[PDB]
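Residue numbers (full-length UniProt numbering), protein chains in the order written: chain E, 25 to 60; chain X, 2 to 57, 68 to 107, 120 to 144; chain Z, 2 to 130; chain W, 2 to 151. The structure appears below as structure tokens.
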RNA sequence: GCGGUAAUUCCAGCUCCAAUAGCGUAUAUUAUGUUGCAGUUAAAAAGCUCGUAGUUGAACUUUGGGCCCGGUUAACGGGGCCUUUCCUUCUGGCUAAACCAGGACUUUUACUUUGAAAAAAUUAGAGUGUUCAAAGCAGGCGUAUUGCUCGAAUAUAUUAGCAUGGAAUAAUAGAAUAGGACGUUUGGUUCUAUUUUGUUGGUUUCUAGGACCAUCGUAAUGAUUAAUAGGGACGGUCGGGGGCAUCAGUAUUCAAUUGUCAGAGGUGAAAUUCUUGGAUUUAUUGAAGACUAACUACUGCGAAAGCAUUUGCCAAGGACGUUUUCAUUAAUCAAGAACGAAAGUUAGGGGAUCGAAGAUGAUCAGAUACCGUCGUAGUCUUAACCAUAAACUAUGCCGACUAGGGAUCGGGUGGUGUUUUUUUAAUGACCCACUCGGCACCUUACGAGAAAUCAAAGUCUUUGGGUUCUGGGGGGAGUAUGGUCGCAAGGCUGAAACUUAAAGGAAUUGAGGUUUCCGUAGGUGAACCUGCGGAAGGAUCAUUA
RNA sequence: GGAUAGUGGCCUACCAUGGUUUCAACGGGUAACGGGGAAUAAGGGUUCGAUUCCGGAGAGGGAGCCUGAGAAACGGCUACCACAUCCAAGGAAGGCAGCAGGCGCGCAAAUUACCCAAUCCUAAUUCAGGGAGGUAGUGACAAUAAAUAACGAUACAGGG
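Shown next as structure tokens:
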């Protein structure tokens, strides 16, 4: 389709730390499903 | 002598050559594309929430992850605390069987092993 | 082709000193090679050199008497500021009580210590120890 | 070594360490000038004036005797051609090999050598047009080169 | 009860150790190369050459000497003079175009020094007992009843712009058709007047300042070498370099004719096959296409692929020799382009041999000793394509230096050296010595390397001559998508998701089949077989020299 | 020429065909506000900088405007889009990326506190106002100093 080189960003480390913290926040929302 | 040019007015060639060549390094590519955390078992996270699916060898349990849905094995330290997880428990796991049980039902396993807290049911 | 006659002269001097020769011949000649060899000769790293005059470029025969470790050029001739001299000195010399780096400044071709004493800086040319 | 070959030969002449007056000559200093221009009027380009002058009349070079080069002497009297000597001979060789290639279409060695000769002509013509002895464009092409050389 | 347990130690008790108002855990990270990586074999030098931009590029033009003053520890550093040397644009004076006080200048740059500047906080840092400290900018001293007083420094700021000193280093321009510089050498054109003839409008002369056209001079009147760089010319060589034409040599197959009998081929052992209309063999002759044996070598030529019969023609080339020419024209190379084994593709040609596919023989534990006959395309060529190889020296190209020896190819130099002339004169061949340019070889380590090994794979932890290309674990994979080229086959570019950590590799020493591959084409038992071309990443003994 | 506070293809009528680029134009991506600064280094580099200061932009998303020296202002106005409040069903009203505070998962994180005393800002103005700002409260962000003991007598174990 296209190249992964072209769809890149200006800051690697900020992506790394914000993405790790956002993954932690997103897995904080997970639960065991039951019925209301 | 060496492969690289060494002119006074040849900084452009060196900079362009370095820019071209850094893409062949694995760390550079996986840190610019943001896909370096898919090789980790957790994904981008450091802990993963899971469902206690079965009690397994004797110390470990079989726990299904809630995010992706695949089932792994979990290490429960202080083998007596094996009986704190019962069935379908909501656990929070960290890497160590490459996994281990850290936080069961919101509270930590060290607060239950030392009888600091009690499990909310 | 020949891009720097000073590099060839210093490579010939280094090889002649390493194999253990007493004197070496250098072709072509230059004013910069003559001045650089005088800068070596003042601190005794070489012996005595003589200029043979054919009409083409001249040749230089240098009589060596030991106590030469390593001499070379730094190509390209970078622009070295007056605070930047000790950076090169620490980068490409073995110690501090021996070893000279050599600069062509607007006051001529001289080693780094005379450049400090005259408070003048310019382009790098090479080194000797 | 060579510009268009792997050869690295050093076969050349060695001019002596004497810029004035070979002692056994004692002939003249200006007679060689009209001898040279008579040879040029005969239809000769400066290389064989030099060769025939050192082979027959004993002049080692015109620089040491007359104090002037042969091409500057011929240009001083207005006998210089439009194109210089070596470019003329390169165009002549290219025209001959192009005629041969026109007769023989399957001579790929002649193709390669024609490309080499034409690139050499391009380099020398660029140098001549930079120093401005040629017209500033001069447009080298084979169709006009065939009429230009002969 | 003992011992063992792929219990990746299964669990509790005693003891000690680390840090401490703090300590642990999970995940991420630390312990690409300008400086400063590697490319023979571990990943990697485009198959080769040309070539634009880019990057890089031989030497050379004022050095040397004397004089003082003159700052700092006999030394280091500064300026003015003279040594043919201080060069320019003008106001005021000493004067008789030649000096003094003064307003200013890199022909154009790059470079470097110095200075203005550049915001506070932050950084470094001076002073100061906030009870110490992190800090903060405070504070300190007295007759402590009318007071006094030190501070709140300093450094840095790495580009671009501004000012300034230097002129090495690296570029650029000037006099070659003199259309060049300089003048109390003269005429003419063309313009403007700060004025005086009362201010002004216009007419003119004188006078003053410019530019221009021709003539007399003033002068050392103006051109750096000619790179063991390059291209060009010339002399004689040299070669299995190329194209066209032509000639020859056996051989293979086929055909004709003649001889004679029972077999000929083939393989480990058979069979199909031809054969008493004569197979095979023998003898004479002819045709077809292909290929150039022996000579053939650790020889030669070409950019590589590659190139071997004779002779002729056409154009080309290397090395040598030259007291020949021009004077930097050069090196490497994105764009772009020429050539490019074999196989393969579209047409025309003849098609001998060999021969993928195919048709057929027997499959006998063992095929170790997996074959036989016929044979299409192809093999050869013309006109167009394709553009890949273990395209290998697995070693880019240009330049220099560094170690001993013997051969050998081409050119050149010397030999009251040899031989053939039929007279010992040129030449040819041989020998000896030297030299330039090659193909390689033997030993060694000055060195290099992880090692095998290397005269470069050396001149490197003491690291810089210029330049191009490539690589940054292995599969997935040169696969998928997109683009471009190709009639196709396919070529160029070129990923990711997932997976391995007892994973991939380089060199050396401690039931059957078994050479390993590469480019290409075709077909299926057992991921194999076969056709063309290429490599060793495979183990040179005996004789002679 | 119009318009502007004013230059200007800012816009209009006419006339030319130009302008940029392999020294990378143009298009695309950016989890891209920029700088002072921060960290790791011996140096070069590499990474971060939403955030105490300076500059820019925005006030749910477009678009337009009044007033005024200064706004294309949103704790100003008008209309469109999306949300959304009130009711007697005719109509009216809205904008926390200000300070508190709440929702956004059924797995969680500061006080809907006090005051203009300080620093400054505003006005007609010493006087009023200021969730700007200060004060206290609150999860060990980070950081500094520092308690939880010191001196003995007696019996054994010692070096003796």
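By construction, the Cβ of each residue, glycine as well, lies at the ideal position given by its N, Cα and C atoms.
- For residue 39 of chain E, the nearest beta carbon of chain X is closer than 7 Å to its own beta carbon.
- In this model, residue 60 of chain W and residue 75 of chain W are separated by some 17 Å (Cα to Cα).
- Residue pairing of residue 122 of chain X in beta bridges, as defined by DSSP: X:106.
- Residue contact with chain X for residue 28 of chain E: present (Cβ-Cβ distance below 7 Å to some residue of chain X).
- Collapsing the DSSP output to three states places residue 52 of chain Z in a strand.
- Around the Cβ of residue 18 of chain Z, a 10 Å sphere holds 16 or more other Cβ atoms; the residue is buried.
- Contacts with chain E at 7 Å (Cβ-Cβ) do not include residue 140 of chain X.
- For the stretch 46 to 57 of chain X, the beta-carbon criterion of a distance under 8 Å to any beta-carbon of chain E is satisfied by 46, 47, 48, 49, 50, 52.
- By alpha-carbon distance to residue 49 of chain E, the top candidate from X:81, X:44, X:140 is X:44.
- Contacts with chain E at 7 Å (Cβ-Cβ) include residue 35 of chain X.
- About 6 Å separates the CB atoms of residue 70 of chain X and residue 93 of chain X; that is less than 8 Å, so the two are in contact.
- Nearest to residue 136 of chain X by C-alpha distance, out of X:88, X:49, X:40, is X:88.
- When Cβ-Cβ separations below 7 Å define contact, residue 77 of chain X makes contact with chain E.
- Between residue 101 of chain Z and residue 112 of chain Z, the C-beta gap is smaller than 7 Å, which places the two residues in contact.
- Contacts between residue 8 of chain X and chain Z, judged by CB atoms closer than 8 Å, involve 77 in chain order.
- From the beta-carbon of residue 4 of chain X, no residue of chain E is found nearer than 7 Å; the closest lies around 23 Å away.
- Close CB contacts of residue 76 of chain X within its chain, under the 6 Å cut and outside five residues either way in sequence, are with 49, 51 (chain order).
- Taking every protein chain shown into account, the CB of residue 51 of chain E has 16 or more other CB atoms within 10 angstroms, so this residue is buried.
- Chain E places no beta carbon closer than 7 Å to that of residue 13 of chain X, leaving this residue out of the contacts.
- For residue 36 of chain W, there is no enclosing beta strand (DSSP E); the enclosing alpha helix (DSSP H) covers residues 32 to 42.
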